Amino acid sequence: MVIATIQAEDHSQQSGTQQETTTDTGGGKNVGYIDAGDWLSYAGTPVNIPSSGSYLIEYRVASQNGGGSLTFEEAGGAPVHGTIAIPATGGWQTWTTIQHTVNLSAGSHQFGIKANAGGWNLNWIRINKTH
């Protein structure tokens, strides 16, 4: 069950990145020019987590050469929720959905993404119930 979909370009603050048109399904925009240290804050759009427990976080990503990774966290960097490696997809507009699980506490969250290593683009993020 889907808690939220957040388009990557709908950040309230960012550092180091730039938006561009995407040719992924649904069109719109993606965030690109992502490098180590860069980040995206979604603090302007808090997401309500109905109950404490496991949530599946999905990322719609593209990467020419692989090697990237990100940290999913509370905006500001604490607490950190999880990390994920971003695989090569073979092109900057060749898209795939990756996922991992995190524990989240119940209540209103302001999420952020920190790039630990670049080389990837981001279309959207989706937060899902598991349990």
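All residue numbers refer to positions in the sequence shown, first residue = 1.
**Q** Taking the mean of the C-alpha B-factors per stretch from the entry, tell me the winner out of 56-64 and 84-92.
**A** Taking the mean B-factor of the alpha carbons in each, 84-92 is higher.
**Q** Averaging C-alpha B-factors over each stretch, which comes out higher, 74-82 or 40-48?
**A** Going by the record's values, the stretch with the higher mean is 74-82.
**Q** For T5, return the chain-relative third of its C-alpha B-factor as stated in the PDB record: lowest, middle or highest.
**A** Its C-alpha B-factor, which the entry lists for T5, ranks in the middle third among residues of this chain.
**Q** Which third of the chain holds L104 when residues are ordered by C-alpha B factor: lowest, middle or highest?
**A** For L104, whose C-alpha B-factor we compare with every modelled residue in the chain, the answer is the middle third.
**Q** Give the position of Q19 by CA B-factor within its chain, expressed as the lowest, middle or highest third.
**A** Highest third - that is where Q19 ends up once the chain's C-alpha B-factors are sorted.
**Q** Should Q13 be placed in the lowest, middle or highest third of its chain by the C-alpha B factor in the entry?
**A** Its C-alpha B-factor belongs to the middle third of this chain's values.
**Q** Where does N116 sit by CA temperature factor within its chain: lowest, middle or highest third?
**A** Within its chain, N116 is a middle-third residue by C-alpha B-factor, going by the deposited values.
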